[PDB]
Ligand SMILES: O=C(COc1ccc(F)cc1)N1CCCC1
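Here's a solo chain for you in structure tokens, the form deposited without this ligand.
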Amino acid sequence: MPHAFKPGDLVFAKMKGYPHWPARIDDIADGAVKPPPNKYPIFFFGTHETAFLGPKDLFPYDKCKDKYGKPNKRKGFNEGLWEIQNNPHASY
């Protein structure tokens, strides 16, 4: 059975207007802004941007990579596919 999301979990994250995007649940560093209740700090591969999202927008990587892990024209997306497959837990 699945558990709640935790730092380091890999996902495709969905935001309005954009395709499901390779991402990870980030850590929250000491002194860093904490997310709203029931939301998570999402780090987007490729663009290296962060948003606060709830689980309704988070699709687990291993289950959904066949559908969502394919080249896309958007800027930064295929760089992001490389990051999530080859070094998803590194500092960018």
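Each residue number is its position in the shown sequence, starting from 1.
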Which of the two stretches, 51-59 or 31-39, shows the higher mean Cα temperature factor in the record? 31-39
Check the entry's C-alpha temperature factors for 66-74 and 79-87, then say which stretch has the higher mean. 66-74
Chain-wide C-alpha B factor ranking for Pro19, given as lowest, middle or highest third: middle
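One more form of this protein, deposited with this ligand bound, exists but is not displayed; see below.
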Can this ligand, laid in as it sits in the entry with it bound by superposing nearby C-alphas, fit this form, that is, is the pocket open, or is it blocked with 3 or more ligand atoms within 2.4 Å of backbone or C-beta atoms? open
Triple contact flag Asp26, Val33 and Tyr40 to this ligand in the entry with it bound, non-hydrogen atom at 4.5 angstroms: no
This ligand contact at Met15 in the entry with it bound, heavy atom, 4.5 Å: yes
How about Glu49: is it within 4.5 Å of this ligand in the entry with it bound, going by heavy atoms? yes
